[PDB]
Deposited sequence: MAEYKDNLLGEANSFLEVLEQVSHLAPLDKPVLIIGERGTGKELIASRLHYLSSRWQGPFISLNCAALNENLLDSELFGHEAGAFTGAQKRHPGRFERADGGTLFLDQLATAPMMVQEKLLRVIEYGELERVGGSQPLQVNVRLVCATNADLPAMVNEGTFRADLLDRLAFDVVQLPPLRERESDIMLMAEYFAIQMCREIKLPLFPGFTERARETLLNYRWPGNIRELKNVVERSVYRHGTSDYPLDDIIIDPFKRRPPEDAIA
């Protein structure tokens, strides 16, 4: 799924088309629900590595010891995500939550191209194209001492900045209409009856902290609650916890 014709979004797609063929690491900056893993996927499938594996790992999800083992692997065997991504692309989400230990080890892999291993096993050479994502201000975290300056000096070969939905105002009604129509098909309404001006005001004035994921859920819920093709959708249900 890839909607949007806001110039800011089209510029991202152009940038991605040029970055994909490189073996260089790419940093994606963007809020939740803006499509970051989908962009990472595009970088993979437009690259020369497209027939190789596309592996993903969310850094925020795992505790420090588990993240270490999941990313770099362990034995006394559990192949880590770098190993699984050999010949392909590894996507690291919520990068700024990585503990400083993992950050240092990550830089080592990037700069030396091998996974450390003792206990008898020879080191593992890996060939992986890295894509990372975050919505943190990484330069600010470097100043705070919570992100490694040397990792950022190396990792940010270039940066893809995904615009939030609220800065893609023209895409809001375009996407809302698309999601509404899909929901009409799912609940077997003959036609999407349109959005009233009140509904449009509600959609366009909301700041969409959850961006596209949130827009889809809000619109689907609103269409379902409306439940008819006989007149236009007027009530946009942003918050389902209200009664």
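Annotation: deposited residues 1-6, 83-90, 258-265 are not represented by C-alpha coordinates in the model.
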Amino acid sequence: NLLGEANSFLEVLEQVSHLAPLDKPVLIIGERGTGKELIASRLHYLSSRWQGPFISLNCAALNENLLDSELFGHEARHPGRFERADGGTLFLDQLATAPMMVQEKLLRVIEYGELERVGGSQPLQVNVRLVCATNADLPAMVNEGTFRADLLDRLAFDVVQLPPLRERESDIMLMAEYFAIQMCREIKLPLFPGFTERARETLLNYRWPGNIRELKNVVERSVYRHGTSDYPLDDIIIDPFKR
From here on, numbers count along this sequence of modelled residues.
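The stretch 49-57 shows the higher mean C-alpha B-factor when 213-221 is compared against 49-57 in the entry.
As listed in the deposited structure, the average C-alpha B-factor of 153-161 and of 77-85 is greater for 77-85. Of the candidates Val126, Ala98, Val131, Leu71, the deposited coordinates give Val126 the top C-alpha B factor. Each of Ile172, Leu92, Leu138, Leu115 has a CA temperature factor in the record; the biggest one is found at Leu115. Looking at the C-alpha B-factors along this chain, the one for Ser41 belongs to the middle third. Placement of the Cα temperature factor of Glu197 within the chain: lowest third of the modelled residues, per the deposited record. Compared with the other modelled residues of the chain, the Cα B-factor recorded for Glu186 ranks in the middle third. Annotation for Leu66: CA B-factor lies in the highest third of the chain's modelled residues.
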